[PDB]
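Notes for the one structure printed next.
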2 protein chains.
Amino acid sequence: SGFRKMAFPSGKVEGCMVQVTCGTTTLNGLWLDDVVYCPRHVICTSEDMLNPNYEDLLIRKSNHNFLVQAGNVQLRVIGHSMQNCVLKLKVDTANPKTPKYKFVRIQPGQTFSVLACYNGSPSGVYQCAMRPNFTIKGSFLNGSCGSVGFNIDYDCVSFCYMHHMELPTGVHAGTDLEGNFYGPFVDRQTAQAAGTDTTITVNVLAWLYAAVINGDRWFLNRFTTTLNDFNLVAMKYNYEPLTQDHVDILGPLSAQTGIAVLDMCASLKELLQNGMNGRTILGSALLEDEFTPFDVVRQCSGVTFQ
Amino acid sequence: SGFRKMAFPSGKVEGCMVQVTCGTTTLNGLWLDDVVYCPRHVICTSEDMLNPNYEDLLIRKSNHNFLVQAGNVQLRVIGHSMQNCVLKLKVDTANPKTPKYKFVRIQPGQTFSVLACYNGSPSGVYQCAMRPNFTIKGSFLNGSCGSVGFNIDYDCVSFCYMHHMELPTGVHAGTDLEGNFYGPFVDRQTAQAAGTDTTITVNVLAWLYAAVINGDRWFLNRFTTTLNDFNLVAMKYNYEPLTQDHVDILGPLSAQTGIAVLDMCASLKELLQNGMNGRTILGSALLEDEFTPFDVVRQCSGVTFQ
Ligand SMILES: *C(=N)[C@H](C[C@@H]1CCNC1=O)NC(=O)[C@@H]1[C@@H]2[C@H](CN1C(=O)[C@@H](NC(=O)C(F)(F)F)C(C)(C)C)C2(C)C
Ligand SMILES: *C(=N)[C@H](C[C@@H]1CCNC1=O)NC(=O)[C@@H]1[C@@H]2[C@H](CN1C(=O)[C@@H](NC(=O)C(F)(F)F)C(C)(C)C)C2(C)C
């Protein structure tokens, strides 16, 4: 029993972190094979960050202007290219610790582990969800850029995120490992808005199923509803509209507990309309939306990795 | 900015996990140097767990009754001893991945990372606090025993916990790495009570300081209090009594924010007496007590590890 927010083991990603310095600016890089990936704003000064022209700024840089360091060991840079907002530095040495990996673009609602890094060294690991507004709720300070997000599929590390910036509301923004930002964000120190953040409904239902599995089920009322009537109520609370695809993904949880998705939707409706009354669910006084149906199944089975 | 519950990177501990089988019972072991450590109830059958006599049960076991497996590789057991509730199996091969380590007994209120394991393979990592009642709020299923808790001090892994059992209220219990349980718990399948769980006051104050650091400070009232008047109110809410040692540990946070500990105590008093009114602090509708002053400082600086 017990339900906790859990990150994937980070060992396979720890071996891929390096420190990338250009001028005075130092950040983290991801060393896979003979390529190091980092945010392209490593070439900027503080002044440049205000309105950068990355092409012109990069045109003044050679391979020798990039200091790539793995522990107390320097890697020799023999190539460099800008791919969208990421800089790829080709090095003469392949990472002997390169795991089986792939680059993926995660969808909103999906979760991933973040290994927060400073000066190429891991500081900590935590779980995040890609919000519907393409922001994350992380914990990143100066030097954290280049810290990556990932999932583990038994032996294969799937990289999905690279940290670039923090927005005015305290939330975070970054790119996939090809350099494309999630959301409308740009890598420039200029005022940018995240936009209305909605609640990942399928994840809230998955979290209600974990609560039921773990004996916590006071919220289960005797009512039921329809997808359109539930959606009509959920949109009033800024909840993402539940679809038949979402219903099918909740399938294994619905089967393991004997509770129809539409019955669980009606209990969610009464929780949204009447609140929690100071009571808790899994030790929380709010409805939690950062656990996918897969996160709940993995934890209610104990899925292990290599 | 941003404040998240963060586990230490788990790579150094991943290399120490092995699978220990005795009869049909399989659990996790911690392989450091030429010794493997696991819960002594690996020698029990389901029936034995009801009222075990570990000495007599162990007396029927030889080195060859213990199957120790690292990946798809068997370790040859050449010695075995019971140290309190842990079984230590001496193997012919030292772990080539043994990091710099030490065994420590943590105090209540202190936190640590748990690398949850099944069949010797890591499944996930999360942070826990040793409650004042010597229980933890984990996420452990069948096979999770032998999963360990640890802290990292730059290069040195400090092992402080080994999982053994789950109590009736869903909470967890285990031992240090010498086999002594935290709390009054025994490794026997018999009804056992955790006892009244109190709130780690110094940690709640540390979490209020992280909230202030991260711009969240609505709760800051214009009142102040004394240690005895605050304690008189905190004991009514099952809060651990704040001491001058606690005040001194909050020092760096008090200095970084310009807020006296006793002023922060008065705001905590009004939060306990009048509630949060549906408002949140760091995205939480409850007062959080699983972040020590050290956890807050580490995150509001970005302390990194080897
Ligand atoms: C990279 N190490 C940091 C990560 C930041 C540091 C504070 N917390 C973080 O997440 N990235 C930056 O400092 C980026 C960088 C220039 C400005 N910057 C920002 O994150 C700024 N944000 C913005 O201007 C905004 F709102 F548009 F996102 C900052 C004001 C420092 C928070 C570049 C190139 C975007
Ligand atoms: C070891 N792999 C498991 C971990 C358990 C499995 C479910 N979640 C956990 O934390 N340890 C056990 O199954 C231990 C083991 C016998 C019984 N057991 C328990 O945890 C039981 N608890 C108790 O009887 C109680 F309340 F006293 F703690 C159980 C009923 C299965 C929860 C031994 C030797 C203690």
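A note on labels: chains of the structure tokens are A, B, ... as shown, every chain counts residues from 1, and ligands are counted from 1 in their shown order.
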
From stretch 50-283 of chain A, collect each residue whose DSSP state is strand (DSSP E or B) and return the set as a ChimeraX atom specification. /A:66-70,73-75,77-83,86-91,101-103,111-118,121-129,136,148-153,156-166,172-175,181,199,239,281

Can you pull out the residues contacting stretch 221-234 of chain B? Cut-off 12 Å, using only C-alpha atoms, and skip same-chain residues under 6 positions away; I want them as a PyMOL selection string. chain B and resi 198-202+204+240-247+259-273

Keeping only C-alpha atoms, write the selected residues as a CSV table (one decimal), in the first residue's frame.
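After the write, selection_13.csv holds the following:
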```
chain,number,residue,atom,x,y,z
B,198,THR,CA,2.8,14.3,15.6
B,199,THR,CA,3.8,17.1,13.2
B,200,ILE,CA,7.5,18.0,12.7
B,201,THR,CA,7.3,21.7,13.6
B,202,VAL,CA,10.8,22.8,12.6
B,204,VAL,CA,6.8,23.2,8.8
B,240,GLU,CA,6.3,18.6,18.2
B,241,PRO,CA,7.6,21.1,20.7
B,242,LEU,CA,10.0,23.7,19.2
B,243,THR,CA,13.3,24.1,21.0
B,244,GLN,CA,16.2,26.6,20.9
B,245,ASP,CA,18.2,24.0,18.8
B,246,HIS,CA,15.4,24.2,16.2
B,247,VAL,CA,15.5,28.0,16.3
B,259,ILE,CA,12.1,37.0,9.4
B,260,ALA,CA,12.6,36.1,13.0
B,261,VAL,CA,11.6,32.5,14.0
B,262,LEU,CA,9.2,33.7,16.6
B,263,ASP,CA,7.4,36.0,14.1
B,264,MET,CA,7.1,32.9,11.8
B,265,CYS,CA,5.8,30.9,14.8
B,266,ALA,CA,3.0,33.5,15.3
B,267,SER,CA,1.9,33.2,11.6
B,268,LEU,CA,2.0,29.4,12.1
B,269,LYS,CA,-0.2,29.8,15.2
B,270,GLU,CA,-2.8,31.8,13.2
B,271,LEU,CA,-2.7,29.2,10.4
B,272,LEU,CA,-3.3,26.4,12.9
B,273,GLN,CA,-6.1,28.3,14.7
```

Starting from chain B, keep only residues with some atom at most 7 Å from an atom of chain A, counting only C-alpha atoms, and report them as a VMD selection string. chain B and resid 1 to 11 14 118 121 to 126 137 to 141 170 285 to 286 302 to 306

Give me every helix (DSSP H, G or I) residue in stretch 58-223 of chain A, going by DSSP on the backbone, as a list in words. residues 58, 59, 63, 64, 65, 201, 202, 203, 204, 205, 206, 207, 208, 209, 210, 211, 212 and 213 of chain A

Which is closer to residue B:26 than all the others in B:53, B:69, B:254, B:63, using only C-alpha atoms? B:69

Tell me, as a list in words, which residues lie within 12 Å of residue B:178, counting only C-alpha atoms; anything in the same chain fewer than 3 positions away does not count. residues 37, 38, 39, 40, 81, 82, 83, 84, 85, 86, 87, 88, 102, 103, 104, 105, 159, 160, 161, 162, 174, 175, 181 and 182 of chain B

Take the residues from that selection and put them in a file with N, CA, C and O atoms, as a compact mmCIF listing (two decimals), in the first residue's frame.
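As a result, out03.txt now contains:
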```txt
# COMPACT_ATOMS: atom_id res chain seq x y z
N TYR B 37 23.41 -7.28 2.46
CA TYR B 37 22.52 -7.10 3.61
C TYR B 37 21.07 -7.20 3.14
O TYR B 37 20.72 -6.60 2.14
N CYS B 38 20.22 -7.95 3.86
CA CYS B 38 18.80 -8.06 3.53
C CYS B 38 17.94 -8.30 4.81
O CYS B 38 18.50 -8.66 5.85
N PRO B 39 16.59 -8.14 4.78
CA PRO B 39 15.80 -8.44 5.99
C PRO B 39 15.89 -9.93 6.33
O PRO B 39 15.92 -10.77 5.43
N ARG B 40 16.02 -10.26 7.61
CA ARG B 40 16.17 -11.65 8.03
C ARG B 40 14.93 -12.51 7.73
O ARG B 40 15.06 -13.73 7.69
N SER B 81 25.35 -14.41 8.72
CA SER B 81 25.16 -14.07 10.12
C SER B 81 23.93 -13.20 10.31
O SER B 81 23.59 -12.41 9.43
N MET B 82 23.27 -13.35 11.45
CA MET B 82 22.13 -12.53 11.76
C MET B 82 22.60 -11.40 12.68
O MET B 82 23.19 -11.68 13.70
N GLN B 83 22.39 -10.13 12.28
CA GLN B 83 22.71 -8.97 13.11
C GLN B 83 21.38 -8.31 13.34
O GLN B 83 20.81 -7.75 12.41
N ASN B 84 20.80 -8.48 14.54
CA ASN B 84 19.48 -7.95 14.88
C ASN B 84 18.42 -8.45 13.83
O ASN B 84 18.36 -9.67 13.62
N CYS B 85 17.67 -7.58 13.11
CA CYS B 85 16.70 -8.06 12.12
C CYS B 85 17.25 -8.14 10.68
O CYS B 85 16.47 -8.34 9.75
N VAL B 86 18.57 -7.97 10.49
CA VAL B 86 19.16 -8.09 9.15
C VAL B 86 20.06 -9.31 9.05
O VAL B 86 20.75 -9.69 9.99
N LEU B 87 20.04 -9.91 7.90
CA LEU B 87 20.86 -11.04 7.56
C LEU B 87 22.00 -10.48 6.72
O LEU B 87 21.76 -9.71 5.80
N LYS B 88 23.23 -10.81 7.07
CA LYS B 88 24.40 -10.42 6.30
C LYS B 88 24.97 -11.69 5.67
O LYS B 88 25.33 -12.63 6.39
N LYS B 102 28.62 4.90 4.41
CA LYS B 102 28.58 4.75 5.85
C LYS B 102 27.16 4.39 6.29
O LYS B 102 26.20 4.58 5.54
N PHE B 103 27.04 3.77 7.46
CA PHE B 103 25.76 3.38 8.00
C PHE B 103 25.44 4.37 9.10
O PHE B 103 26.28 4.60 9.98
N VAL B 104 24.25 4.98 9.04
CA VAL B 104 23.85 5.95 10.04
C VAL B 104 22.44 5.66 10.57
O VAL B 104 21.62 5.09 9.86
N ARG B 105 22.16 6.07 11.80
CA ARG B 105 20.82 5.95 12.35
C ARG B 105 20.29 7.35 12.31
O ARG B 105 20.85 8.22 12.98
N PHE B 159 23.65 5.28 4.25
CA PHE B 159 22.51 4.40 4.36
C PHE B 159 21.91 4.47 5.76
O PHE B 159 22.61 4.29 6.76
N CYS B 160 20.61 4.69 5.82
CA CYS B 160 19.93 4.87 7.08
C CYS B 160 18.71 3.99 7.23
O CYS B 160 18.22 3.92 8.34
N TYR B 161 18.18 3.38 6.17
CA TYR B 161 16.93 2.64 6.27
C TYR B 161 16.90 1.39 5.40
O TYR B 161 17.44 1.39 4.30
N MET B 162 16.21 0.35 5.86
CA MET B 162 15.93 -0.86 5.07
C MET B 162 14.48 -1.24 5.32
O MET B 162 14.04 -1.25 6.47
N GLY B 174 10.71 -0.14 9.30
CA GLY B 174 11.94 -0.83 8.94
C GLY B 174 13.07 -0.55 9.91
O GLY B 174 12.86 -0.02 11.00
N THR B 175 14.26 -0.93 9.52
CA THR B 175 15.42 -0.86 10.40
C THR B 175 16.51 0.07 9.85
O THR B 175 16.45 0.46 8.68
N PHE B 181 15.24 -1.84 14.40
CA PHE B 181 14.05 -1.15 13.95
C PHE B 181 14.00 0.25 14.50
O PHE B 181 14.54 0.54 15.56
N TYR B 182 13.41 1.14 13.73
CA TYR B 182 13.08 2.45 14.18
C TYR B 182 11.70 2.20 14.79
O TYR B 182 10.84 1.55 14.16
```

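Between atom CA of residue B:145 and atom CA of residue B:75 lies a distance of 19.5 Å.
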